[PDB]
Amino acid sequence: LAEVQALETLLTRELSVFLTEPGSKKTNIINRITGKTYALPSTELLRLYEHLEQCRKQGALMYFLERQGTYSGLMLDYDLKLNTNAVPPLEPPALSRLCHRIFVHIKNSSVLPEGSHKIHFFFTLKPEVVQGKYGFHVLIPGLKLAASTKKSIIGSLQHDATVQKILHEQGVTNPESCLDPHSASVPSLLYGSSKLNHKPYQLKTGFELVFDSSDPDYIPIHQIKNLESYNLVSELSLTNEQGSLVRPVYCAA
């Protein structure tokens, strides 16, 4: 396939010069198929994302991970046990309410900057239920958080009664223990990538949340309408700072 050939040429001819040693801290990108680790500067990260995005649109086998490190976007990994083997509905109102509750915990961490800021939430879903096992990722890639703050936010989210209700009404039988408490530290799959035994999560719905420190009770959440218009590998990346839709908002460390 042409776009896979293009990605192969980019990796071997050009990005090979950024190969990191096993257990390096400069590592930001992991190709688990080739077992290679890279520290890509922002320019070369984008070039990678353009190739991965072309490969994604053609359904190519990818297993790319990004390392969250100490300061990056927030990822929530939900591992659901369901009532049935039917994909739960997860319609915009349920996902919208999830975003609001997630935000209440972010706000309560006290690290948000003053002023008016857009933050984007993306929900990628396991394509099918297997033996009642289901999953979604919540990506807030633009909201740059300290690892310690992510862990704190995740701790609070596990105990959220409203979130547990939403998940229960979706048919989740483990609403108390479905959020991976290591969501803050685990390497995070790039959009279109998966473990070699699984299929890649699919973007169902994204939301734009605007917060304003001057008007704290006004928290508008709206579906993003022209998602297809953007490079989704790029926009959904927790470590990217040069997205078009997703512009970074820097939280206190």
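Note that residue numbering begins at 1 and tracks the sequence as displayed.
- Across the two stretches, 152-160 and 117-125, the PDB entry reports the greater mean Cα temperature factor for 152-160.
- Taking only CA atoms, the mean B-factor in the PDB entry is higher for 176-184 than for the other of 176-184 and 135-143.
- Considering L196, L48, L190, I221 together, the PDB entry gives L196 the largest C-alpha B factor.
- In the PDB entry, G206 places in the lowest third of its chain by CA B-factor.
- Sorting the modelled residues of the chain by their CA temperature factor places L1 in the highest third.
- When the modelled residues of the chain are ordered by their C-alpha B factor, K26 lands in the lowest third.
- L74: CA B factor in the lowest third of modelled residues in this chain (values from the PDB entry).
- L52 sits in the lowest third of its chain by CA B factor, as recorded in the PDB entry.
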